[PDB]
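Shown next, in structure tokens, is the structure this report addresses.
Protein chains in written order, with the entry's author numbering: chain A, 209 to 724; chain 5, 209 to 724; chain 8, 415 to 621.
Now the structure itself:
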């Protein structure tokens, strides 16, 4: 409509209506003109001793909007209300609006640096609906909307990696180039606005509960089994048997088995007592692809990193986060007090411990000449009758990941956590239109001289969630997340005297308990 | 409508629907104020030793839009899809939109050079529908919309040549002056937009196929002809005859003849072995008009420049292109590795070779006293029963040319390639309106003082194409264009580390094969 | 699926942007744990959502210029499965691996379909060299499928202590894990369209 008329209004709110909760979030963003209006080929050779580091790729003029973090949609008080009272939750609908656009021109004469409004300048916006572009949103990267509503943020620059030849910086014939300007886009002046709507596919609810029973202790404690086990051979080697007694969980027939495991090193925290002067990388867990060795830092699902009490943690099976945001490219060492370290101890009744060996199997054939022998195993994979619990979500953590298109997959739950989607919420791309500097003569060669410009505006995201209610018959009181501090010098989840937000603790979803 | 409202949106796309393909292209352009708002008489005398160089003409304040190149409408992947799967293609419809206009004023005080928006300034636009103006669009000149969508381009300045007297810079009484301001034009401020629509006349489809048979080898190989030839005279000079045998193509009666030829010099490429220190111009092919000798660098249709394998090329029968755009007025020498050189070797089954002699004819009357004699010929023209193939189109090359209005013509296919049209898509002309500097007194003499200004905006072109499907019964696999490179250091048809587009190879349309 | 992947399974993070996630890299002179942030483009050290498909190690033989070991009888060292008291060669191996890297003349022969250009007489016992044979390559699936000739990865074999340094061991076989992705074997014009699933009442992933 016009220079003097506002395109949209601020909405930041939560509404709770029975089985449904609606979240509204509004933020202010800034867009730089990246690459000076150009597409650049980007590449790397081996770095820090590793060829797994090498890649071939393109950097682009465009920027994108990322909302795949829970703190983007949820207040700390609203998150506490959900974890305390519900068995499960799932996403249903998404709505996005971009509005109140302002384009600015920056000029320097003799070091003055004046800044001014340009009314006739445009911004370009599009959504990748058919998934033609490479999707970089679900990989745990920075640049999402901020946890605190007043904070103002810079949009991330879009880029991708294609194929590389023989673990080197060079490309292959199969390697691909994608142009964003080939797709159609909306053009916006200061009066104009953009809107999009999405529906999520049917997905299973996340489980916000901890088991109240061990997988191996399900027989009644009072009653004996009608089943027998081999315990012995006599002086002539004749087989002998005994009945299975009540409460003897070590010797009982079992219907179901625990989930898959791979052994990972355990390190003590706090009082500790670990080995000195160690370089971690040579002894880390790895998988081999195309001739290179890769660390796979979240391990695959079905294990627990920490026992309960205990200060032993398997570090490569744990999500590690920082309380405060960091500057790009930092190489600084961080001690444990700075870090936020997660524990999966609630899943221990059904999930095997990562630091320990899995079990034992037979290695020989017994004979009158030879005694029977067993051996321990460090890895096991899926077996029929297998049961496990998936990794917990965090307020600091991601909601979704895109399933890769290969035509074959098994059990599609992402390792970091969250919901695995065949058709994920789509990539949203924004760029500043090139505006040319004074040109007085004709050339076939393309213009490289442009006026310097940046853009600013407001973004609103609305999300709908489906809730599963608790139906417990437990008489005694349950565990709950609480604000509990001894002699506090500051309020957590609040601004400080300088105005910086403080977030000391990581928050999971499992406080409620259910029988197996 | 307004200062804060956008006139149009970005559309860059291809849609394939059975027999029809639609192409959409969007670009950003810059317009200079050419000639400082004045019309100038332009002229030349003899240059580089030639009077064919002399001309008399006018230069104008206006600029024009040119779309007669395939890379303007076609992506490299889309062009590969057409050449691989279709017998023929033709143009059907054209739509043009000009929008998002921005007028800027440039001021200099003491070397500062400040640039600012002028809201009340106008741009003027018109189309030459009745072909009253001289048409300069179909002559292989620079200034067309760019191959890569992100590239920003300067519009070419309009000019023309009229009649000149006695191969000198002077005019004739028949010589003509044309004023653009005499035609009606639309006037546009920053809010305003312009649109045009065109329909192409019926034209024959281009042939995207190579012949699978020789013109002279069409008789069945197994069966003899019922026809006889003279082979001999006896000791008394009495005539003798022999029957024509199966597979003897050298001695067989023929229905049809090859197309017209003129001999052109052949030069070796690569390993080569050509003559040293040669100046080319004195020995080049020429046609004489109005007392001057002119090189005619594309030769006329019906010949082939290169045999297949072979490194001999007739250079004056070949389209030569540069991979990268060049600065105006360059006099630099270029070697073969920089150049993109085309081959017509697919048409060799029906088209005579340019470097070789055409054939032999009788030069005498035989008698008992005199033996019979023959002579070779270096040129031949159209004969009844003549068949030939027209020159191939290239992605780097032009779509159309205007047929000249003389009232008489034969077979109207242009020498460079493409479609010859009596009523071509029309000339589109744009100018910046003169805005005056401060005037304090009256004069009859016209104002020569104006504020300095330039314009910028977006242009969209939409084109519809009709396709002819392949109907082959060939059992074995065909030749296809492929991305095939050994040990590549860059991706072809992509930007580099500096952001410059790379286009190493020329691409033709003939990969499919058909029987004669 | 008649297509080849244009991206590696482990290279999906944006090359320009750093992760908000940290990894353990070190212990100090008193054995206290130390951490570093994950940087942009460092694919060796990045958190991963998805894992490659199942693998079993199979011997690799050079073709063309080659340079393989002389006078070998193949059968004793071949891959086998045991049924009802007997050892059986299982010549197509199970799905989720790639036989050949690209370029490279190393092929895992027991993971490859081998065909003859010409039909043969029944009962022939004749030796055939490589030039007579038609040998397939699965190099397009290498961005998501592990190589058969190479080891799969490494896992922890011990518990670290002030007395004991940490240790790892390589594995030659691995099976399906949750979050696993792979590509099935390609069809050929010379090859078969279909197979019947056996009736047992239980099966997994029937390709």
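Heads up, the beta-carbon is just placed ideally off N, CA and C, and yes, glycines get one too.
Of the listed residues the options, nearest to residue i (C-alpha basis)
i	options	result
residue 306 (chain 5)	509 (chain 5), 408 (chain 5), 665 (chain 5)	665 (chain 5)
residue 503 (chain 5)	514 (chain 5), 472 (chain 5), 479 (chain 5), 519 (chain 5)	472 (chain 5)
residue 600 (chain A)	228 (chain A), 418 (chain A), 311 (chain A), 482 (chain A)	418 (chain A)
residue 394 (chain A)	399 (chain 5), 218 (chain 5), 573 (chain 5), 622 (chain 5)	218 (chain 5)
residue 434 (chain 5)	563 (chain 5), 444 (chain 5), 450 (chain 5), 612 (chain 5)	450 (chain 5)
residue 670 (chain 5)	213 (chain 5), 231 (chain 5), 227 (chain 5), 222 (chain 5)	231 (chain 5)
residue 260 (chain A)	377 (chain A), 416 (chain A), 320 (chain A)	377 (chain A)
residue 264 (chain A)	332 (chain A), 385 (chain A), 362 (chain A)	385 (chain A)
residue 533 (chain 8)	461 (chain 8), 604 (chain 8), 463 (chain 8), 591 (chain 8)	604 (chain 8)
Beta carbon proximity, residue i to chain A, threshold 7 Å
i	result
residue 426 (chain 8)	yes
residue 550 (chain 8)	no
residue 399 (chain 5)	no
residue 432 (chain 8)	yes
residue 705 (chain 5)	yes
residue 474 (chain 8)	no
residue 613 (chain 8)	no
residue 415 (chain 8)	yes
residue 712 (chain 5)	no
residue 439 (chain 5)	no
residue 520 (chain 8)	no
residue 532 (chain 8)	no
Residue i classed as buried or exposed, judged by whether at least 16 other C-beta atoms fall within 10 angstroms
i	result
residue 453 (chain 5)	exposed
residue 700 (chain A)	exposed
residue 568 (chain 5)	exposed
residue 224 (chain A)	exposed
residue 627 (chain 8)	The question about residue 627 (chain 8) has no answer, for chain 8 in this structure spans 415 to 621.
residue 617 (chain 5)	exposed
residue 571 (chain A)	exposed
residue 220 (chain 5)	buried
residue 720 (chain 5)	buried
Contact set between residue i and chain 5, taken where Cβ atoms lie within less than 7 Å
i	result
residue 396 (chain A)	214
residue 247 (chain A)	358, 703, 707
Listed by chain order, chain 8 residues near residue i by CB distance under 8 Å
i	result
residue 617 (chain A)	594, 595, 596
Interface partners of residue i on chain 5, CB under 8 Å
i	result
residue 393 (chain A)	217, 218
residue 381 (chain A)	691, 692, 693, 696
residue 646 (chain A)	312, 314, 321, 323, 662
Minimum Cβ-Cβ distance from residue i to chain 8 less than 7 Å
i	result
residue 484 (chain A)	yes
residue 488 (chain A)	yes
residue 423 (chain A)	no
residue 504 (chain A)	yes
Cβ of residue i within 7 Å of any chain 5 Cβ
i	result
residue 317 (chain A)	yes
residue 301 (chain A)	no
residue 328 (chain A)	yes
Amino acids of chain 8, ordered along the chain, whose beta-carbon sits closer than 7 Å to that of residue i
i	result
residue 384 (chain A)	420
residue 494 (chain A)	567, 568
residue 365 (chain A)	430
Neighbour list for residue i in chain A, Cβ cutoff strictly below 9 Å
i	result
residue 539 (chain 8)	Residues of chain A passing the Cβ test: none, with the nearest at roughly 37 Å.
residue 210 (chain 5)	209, 210, 211, 397, 399
Where residue i meets chain A, residues with beta-carbon distance less than 7 Å
i	result
residue 699 (chain 5)	379, 383, 385
Within chain A, the residues that residue i reaches when beta carbons sit closer than 8 Å
i	result
residue 221 (chain 5)	390, 391, 392
Given 8 Å, three or more beta-carbon pairs between the region 518-535 of chain 8 and the region 548-568 of chain 8: yes
At least 3 beta-carbon pairs within less than 8 Å: the region 488-497 of chain 5 vs the region 579-596 of chain 5: no
Contact between the region 300-316 of chain A and the region 678-693 of chain A (3+ Cβ pairs under 8 Å): no
Contact between the region 642-653 of chain A and the region 349-362 of chain 5 (3+ Cβ pairs under 8 Å): yes
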